[PDB]
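Input: a single structure, listed below in structure tokens.
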Ligand SMILES: Cc1cc2nc3c(=O)[nH]c(=O)nc-3n(C[C@H](O)[C@H](O)[C@H](O)COP(=O)(O)OP(=O)(O)OC[C@H]3O[C@@H](n4cnc5c(N)ncnc54)[C@H](O)[C@@H]3O)c2cc1C
Ligand SMILES: Cc1cc2nc3c(=O)[nH]c(=O)nc-3n(C[C@H](O)[C@H](O)[C@H](O)COP(=O)(O)OP(=O)(O)OC[C@H]3O[C@@H](n4cnc5c(N)ncnc54)[C@H](O)[C@@H]3O)c2cc1C
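Printed below as a string of structure tokens:
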């Protein structure tokens, strides 16, 4: 803060944490990871991760991520709990980091790690009921729906997993998806087809969620034949994908700071180098991201290794 | 073996194991990981890994890798304990995998994961004494040098780490490196400068290791001023880097199966796609590899995700 940072890391999920670990273990002394909440990012809202190689114990996202803070902070990494609004490239080659509330930081290098956020499904009442029966986090809100029926929308690994989790809590789940077959791991699909508490509604979509100020009262589902089915349920959870959070790269002339991809990803090469010297990107934000925890970690380590070499070069 | 494989994975280190985990969890049913020894690969010979994010317990390479086999084999991954000699691309788009002893396998897709092997340092007697006092594995051979003096050659994280490990076993270590400063994590360097049992010989190199059929008897070191120092020691361990194992991509006309990099790496894009359809590469073998365990795991998951999409496409 008094002196210019070596690296500013924007986001504290697996990619940020991992970049912070590598940059500081590696020898850089002023490394701040700006994460608006607590670190962990997206996965902390999952009920089950099991595919992170080298971690053989199946557990929830919060338990999975808990040890990371201590580990990734052993060599001096700092966590500032603030939101970042904008990255700028200075005429001199340094970076300016704009923070919420009008504060500013300077940095030789920047690794943008800001992750992704839940896509809109696109149905009537989605926005109007968000936080009053419409949700994108089952671990946060499950408890409110104990011994109650809810809907879950989506057909990927995430939807099914959170449907299994909600099946231990709610009396019943309607799992709704627009295709006849799920795009998801077969062992998860088998557990879902075998769970007496989950009813599949396939080749279907959500027409409307309705209710009033007190909350959601129900969901209208459009079935394969074009008919409507009225689900009398106080909650629906949506898991239809996520968009990249790339707001902070947008300049005041509405252009992006570096080369972007068609779908909003930041363009990078294998070393996570963007088109702008000293700006790196890792995790879901980078080009062609597979959207996995192990991969966001790999990327973060690459970025830090490239941010170190770049710093040694000047 | 009776039917064509979905994926053949060549190598079982972190990258292979991780690719096998992803490909099988993902739904592919015939996936063989060909690993000539036991899985784990290079890191199993390290005395300490601590920087694999999400694993907060510091431990040796064998303990680190032990849980992986069970985890990465939960969805049907097969381990064939055989060496692979050659990859071929069939006129029809399938792959032929040539094994040691004249056996053959077929596969829709191939992920080459074969890792790297210890570079030669380039000194007189290096080859002549290999396995009779010259070594590249301190955990394998340390025990033979209990209460004895040895030399360690190299100046990276690996050399220093194995020098710390050998310092609990041997009476003394001479750490030799060609530069005045080590290219390594500062916390490791500090532990090395603080260890009463390790003597640094900087700006130096090895002129000759000598001895006879009974083994190494000593090392001649060339010092910064051009003079020779005779280290009377029965062992020297070298850690001067590694080369990629890319032998199996070489065809009979001596050309490589796909586009290669100047330093022997296999050219890939972000999705670990090589120039040849259905051939992927991950870990140290791929272009610009950072040479880290977390990264080889990330890559392996990417490759498997790309091998799945490719397979669904045909
Ligand atoms: C429900 C669910 C289940 C999943 N299950 C699995 C699984 O089983 N296996 C698997 O591999 N993957 C799974 N994933 C994917 C995995 O969670 C993501 O790939 C991964 O976390 C992406 O990591 P990241 O570090 O790139 O970004 P993120 O996880 O999003 O980390 C980004 C962090 O940056 C912070 N941030 C963003 N913008 C700013 C800013 N402006 N200022 C300050 N802070 C900011 C955010 O608050 C967030 O905490 C799952 C994802 C979800 C949603
Ligand atoms: C001493 C040492 C210490 C290290 N310490 C760290 C550390 O602290 N942190 C870190 O991140 N990284 C460390 N590394 C680096 C890390 O070990 C490598 O980056 C990583 O293991 C590369 O993984 P890979 O899966 O690409 O290849 P590998 O680890 O080499 O795995 C390849 C496997 O493929 C098998 N194989 C190869 N060719 C064939 C074939 N023809 N047929 C059948 N099988 C074959 C081999 O037997 C080998 O087991 C260290 C490396 C060494 C040598």
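Protein chains in written order, with the entry's author numbering: chain A, -2 to 311; chain A', -2 to 311. A prime marks a further copy of an entry chain. C-beta atoms are modelled at their ideal positions from N, C-alpha and C, and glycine is treated no differently.
- DSSP links residue 226(A') through a beta bridge to 218(A').
- Residue side-chain check: residue 244(A) places its Cβ nearer than 8 Å to a non-hydrogen atom of ligand 1.
- One Cα belongs to residue 300(A), the other to residue 16(A), and the distance between them is close to 7 Å.
- Where residue 159(A) is concerned, the enclosing alpha helix (DSSP H) starts and stops at 154 to 164.
- In the structure shown, the three-state DSSP call for residue 22(A) is helix.
- Remark: the shortest separation between the CB of residue 158(A') and any heavy atom of ligand 2 falls under 8 Å.
- For residue 169(A'), there are no C-beta contacts with chain A under 9 Å, since the nearest C-beta of that chain is about 28 Å from it.
- Partner residues in a beta bridge of residue 286(A'), as assigned by DSSP, do not exist.
- The closest heavy atom of ligand 1 lies 8 Å or more from the beta carbon of residue 227(A').
- For residue 124(A'), the three-state secondary structure derived from DSSP is coil.
- Setting aside the 5 residues that flank it on each side, residue 55(A) is surrounded in the same chain by 47, each with a C-beta closer than 6 Å to its C-beta; the list follows chain order.
- Here residue 96(A') is not near residue 1(A'), since their CB atoms are 9 Å or more apart.
- The shortest C-alpha to C-alpha distance from residue 246(A) to any of 238(A), 234(A), 268(A) and 273(A) is the one to 273(A).
- As the crow flies, the alpha-carbon of residue 233(A) is around 17 Å from that of residue 154(A).
- Relative to ligand 2, even the nearest heavy atom lies 8 Å or more away from the CB of residue 102(A').
- In the DSSP annotation of this structure, the continuous segment of the beta strand (DSSP E) that includes residue 205(A) starts and ends at 202 to 209.
- Sequence-ordered contacts of the segment 12 to 31 of chain A with chain A' read 14, 15, 18, 19, 22, 23 and 24 [C-beta pairs closer than 8 Å].
- In terms of side-chain proximity, the C-beta atom of residue 239(A) is found nearer than 8 Å to a non-hydrogen atom of ligand 1.
- Residue 109(A) holds the alpha-carbon nearest to the alpha-carbon of residue 31(A) among 109(A), 58(A), 41(A) and 239(A).
- Contacts between residue 44(A') and chain A, judged by CB atoms closer than 9 Å, are missing: the closest CB pair is about 17 Å apart.
- Minimum Cα-Cα distance from residue 12(A) among the listed residues 309(A), 292(A), 304(A) and 307(A) corresponds to 292(A).
- Taking a 10 Å sphere around the C-beta of residue 68(A'), we find 16 or more other C-beta atoms and assign the residue as buried.
- Any Cβ of chain A closer than 9 Å to the Cβ of residue 106(A') would place that residue at the interface, and such an atom is absent.
- Between residue 305(A) and residue 25(A), the C-beta gap is smaller than 9 Å, which places the two residues in contact.
- DSSP, read as helix, strand or coil, puts residue 297(A') in helix.
- DSSP places residue 5(A) in the uninterrupted beta strand (DSSP E) bounded by 2 to 7.
- Setting aside the 5 residues that flank it on each side, residue 192(A') is surrounded in the same chain by 164, each with a C-beta closer than 6 Å to its C-beta; the list follows chain order.
- Among the residues of chain A, none has a CB under 8 Å from the CB of residue 39(A'); the nearest is roughly 15 Å distant.
- Contact between residue 219(A) and residue 204(A) is confirmed by a C-beta separation of about 5 Å, below the 8 Å threshold.
- Excluding sequence positions up to five before and after residue 188(A'), its CB lies within less than 7 Å of the CB of 161, all in the same chain and listed in chain order.
- Residue 275(A') is positioned such that its CB atom lies no closer than 9 Å to that of residue 145(A').
- For residue 72(A), the chain A' residues whose C-beta falls within less than 9 Å of its own C-beta are 182, 183 and 184, listed in chain order.
- Here the alpha carbon of residue 38(A) sits roughly 21 Å from the alpha carbon of residue 72(A).
- Using a 10 angstroms sphere on the CB of residue 114(A), the tally of other CB atoms stays under 16, which defines it as exposed.
- Contact annotation for residue 295(A) against chain A': 291, 292, 294, 295 and 296 [CB-CB distance below 7 Å, chain order].
- Assigned with DSSP and collapsed to three states, residue 11(A') falls in helix.
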